[PDB]
Amino acid sequence: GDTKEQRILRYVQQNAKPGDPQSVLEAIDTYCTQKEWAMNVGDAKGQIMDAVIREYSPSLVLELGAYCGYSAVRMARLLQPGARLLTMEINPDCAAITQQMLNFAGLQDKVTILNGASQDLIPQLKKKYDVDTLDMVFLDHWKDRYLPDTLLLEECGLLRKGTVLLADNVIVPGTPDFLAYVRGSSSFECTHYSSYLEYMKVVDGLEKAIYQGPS
Ligand SMILES: Cc1nc(C)c(-c2cc(C(C)(C)c3ccccc3)n[nH]2)s1
Ligand SMILES: [Cl-]
Ligand code: NA
């Protein structure tokens with residue numbers, strides 16, 4: 001049958017313009033509002049994501065949790081030429097949706113999709129994907145994995161001083177221990193950004209944590 005994710009791709013291909021990442025974002029935002037999917041990203045968190053990318057102008061971005069490719073499109077559209085986005089997706093069929101989504105948008109070149117679990121792929125980045133350090137990390141995958149994958153990104157030495165970690169949904173459904181760690185650690189300087197979830201009528205937020213070097 002035709003899945004929820006395929007319906008989303010299908011709508012984009014009908015109503016967006018190929019090679020125009022912004023129209024892809026509008027179309028997705030428009031569909032999610034029409035079908036009322038509680039998809040965490042909208043213009044609220046989108047503006048903050050855009051701002052974060054603009055301020056720090058990352059050469060290399062790691063995303064955890066590609067899903068349909070909304071976040072990847074939004075971020076990659078602001079990347080400089082020669083900059084890269086690496087997005088990790090554990091679900092093969094989502095990975096394929098994301099691919100097609102990035103390809104429609106004309107961003108297939110900037111973005112590399114890796115299928116597998118974060119804790120398996122992260123330790124391969126330096127050797128297999130010629131990564132030195134990362135400039136930015138967007139966490140949007142399984143919430144119980146935020147804290148262990150942050151610690152794994154430290155252990156592996158993928159963070160340098162000034163590397164930005166940006167984590168969505170830290171309040172809803174919540175990543176309480178992840179927060180406590182980065183806010184408590186001197187290795188991270190932290191800022192909280194608020195986003196009201198108007199479908200659920202409750203406050204959520206993003207956490208931005210800038211790695212300071214090791215303790
Ligand atoms: C240990 C993990 N590594 C990665 C890269 C993970 C991941 C999570 C996700 C979403 C789409 C959010 C997901 C996937 C399946 C069920 C629910 C939600 N995609 N990728 S989980
Ligand atoms: Cl998505
Ligand atoms: Na801190």
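Worth knowing before you read on, the calculation uses all heavy atoms, side chains too, and leaves out hydrogens, waters and symmetry mates. Counting starts at 1 for both ligands and their atoms, following the listed order. Throughout, residue positions are numbered sequentially from 1 according to the sequence presented.
- The Na ion (ligand 3) has no N, O or S atom of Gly184 closer than 3.0 Å.
- Given atom 7 (C) of ligand 1, the protein heavy atom at minimum distance is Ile90 CG2, 3.6 Å.
- Closest to atom 3 (N) of ligand 1 among all protein heavy atoms lies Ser118 N, 2.9 Å.
- Protein heavy atom in closest approach to atom 5 (C) of ligand 1: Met88 O, 3.4 Å.
- Between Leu9 and the choices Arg7, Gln13, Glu5, the side-chain contact (heavy atoms from CB on, under 4.5 Å) rule is met once, by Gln13.
- The aromatic rings of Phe178 and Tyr146 lie perpendicular to each other, with more than 60° between the two planes, well past the 30° mark.
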Any chance you could lay out the side chain to side chain donor-acceptor pair (under 3.5 Å) test for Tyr11 and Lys35, step after step, and finish with the verdict?
CA-CA 11 Å; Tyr11 183 94; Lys35 295 303 177 180; over 6 Å; no
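- Protein heavy atom in closest approach to atom 14 (C) of ligand 1: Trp142 NE1, 3.9 Å.
- Between the Na ion (ligand 3) and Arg183 there is an N/O/S contact shorter than 3.0 Å.
- Against a heavy-atom cut-off of under 4.0 Å, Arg145 is close to the following atoms of ligand 1: 1 (C).
- In summary, no N, O or S atom of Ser186 is located under 3.0 Å from the Na ion (ligand 3).
- With hydrophobic clusters built from ILVMFWY side chains whose heavy atoms lie under 4.5 angstrom apart, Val137 shares a cluster with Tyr181.
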Intermediate values then yes/no, side chain to side chain donor-acceptor pair (under 3.5 Å), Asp140 and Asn169:
CA-CA 7 Å; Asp140 195 14; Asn169 300 309; 3.2 Å; yes
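- Looking at residues two or more places apart in sequence or on another chain, you find no ring pair (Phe, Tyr, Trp, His ring centres under 6.0 Å) involving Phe104.
- Interface atoms of ligand 1 facing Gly116, defined by a heavy-atom separation under 4.0 Å, are 5 (C).
- For atom 19 (N) of ligand 1, the closest heavy atom belonging to the protein is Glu89 OE2, 2.8 Å.
- From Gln100, atom CD reaches atom CD1 of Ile8 across 12.5 Å, with rounding to the nearest 0.5 Å.
- Around the Na ion (ligand 3), the two atoms O of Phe188 and O of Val182 are separated by an angle of 90°, to 10 degrees.
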Could you go through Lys161 and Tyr211, starting from their C-alpha distance and side-chain angles, then the distance that decides it, and tell me whether this counts as side chain to side chain donor-acceptor pair (under 3.5 Å)?
CA-CA 5 Å; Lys161 177 179 171 190; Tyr211 190 62; over 6 Å; no
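- With respect to atom 12 (C) of ligand 1, the closest heavy atom belonging to the protein is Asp140 O, 3.9 Å.
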